[PDB]
Amino acid sequence: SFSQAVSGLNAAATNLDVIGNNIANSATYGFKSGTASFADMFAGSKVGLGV
Amino acid sequence: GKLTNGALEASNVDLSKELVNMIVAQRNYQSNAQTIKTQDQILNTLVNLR
């Protein structure tokens, strides 16, 4: 199906958004960095649902 | 069975299974309709004998 591919595409876009934000804020004086963390999914079957 | 939010179910109909049944049915229809023609030809030739 297309659903696993769509979920992988959607997950890898917030990971670029939170790097673009870190790049842009690299000169403010009290900033703290940000990091995203991914985790798999599983329904009742044994094949995945994406990320 | 346990619930999981944020999901729906598919239709459980696979096209790779179901797009050969119509080919089989079309061939069955044609093989059945051949018998009507082979019956009508003999019924018309067994009555114009005289």
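All of the numbers you see were taken from the coordinates with simple rules; none came from a lab. Counting neighbours? That spans all protein chains shown, and the Cβs are built from the backbone with ideal geometry, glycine included.
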Can you tell me which of A:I19, A:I23 is without any contact (Cβ under 8 Å) to a residue 24 or more places away in the chain and surrounded by 10 or more Cβ atoms within 10 Å (Cβ to Cβ)?
A:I19
Test: B:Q30 is surrounded by 10 or more Cβ atoms within 10 Å (Cβ to Cβ) and either in contact with a strand residue (DSSP E or B) (Cβ under 9 Å, 6 or more places away or on another chain) or not aliphatic (A, V, I, L, M) (or both):
no
Could you tell me how many of the residues in segment A:6-16 are hydrophobic (A, V, I, L, M, F, W, C) and in contact (Cβ under 8 Å) with a residue 12 or more places away in the chain?
2
Which of the residues spanning segment B:1-27 are within 14 Å of chain A (Cβ to nearest Cβ) and surrounded by 10 or more Cβ atoms within 10 Å (Cβ to Cβ)?
B:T4, B:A7
For B:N48, indicate whether it is surrounded by fewer than 10 Cβ atoms within 10 Å (Cβ to Cβ), free of Cβ contacts under 8 Å to residues at least 40 places away in the same chain, within 14 Å of chain A (Cβ to nearest Cβ) and of a type outside the set (S, T, Y).
no
For segment A:5-51, which residues satisfy the criterion of being part of a loop (DSSP other than H, G, I, E, B), of a type in the set (A, V, I, L, M) and under 30 Å from B:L3 (Cβ atoms)?
A:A36, A:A39, A:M41, A:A43, A:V47, A:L49, A:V51
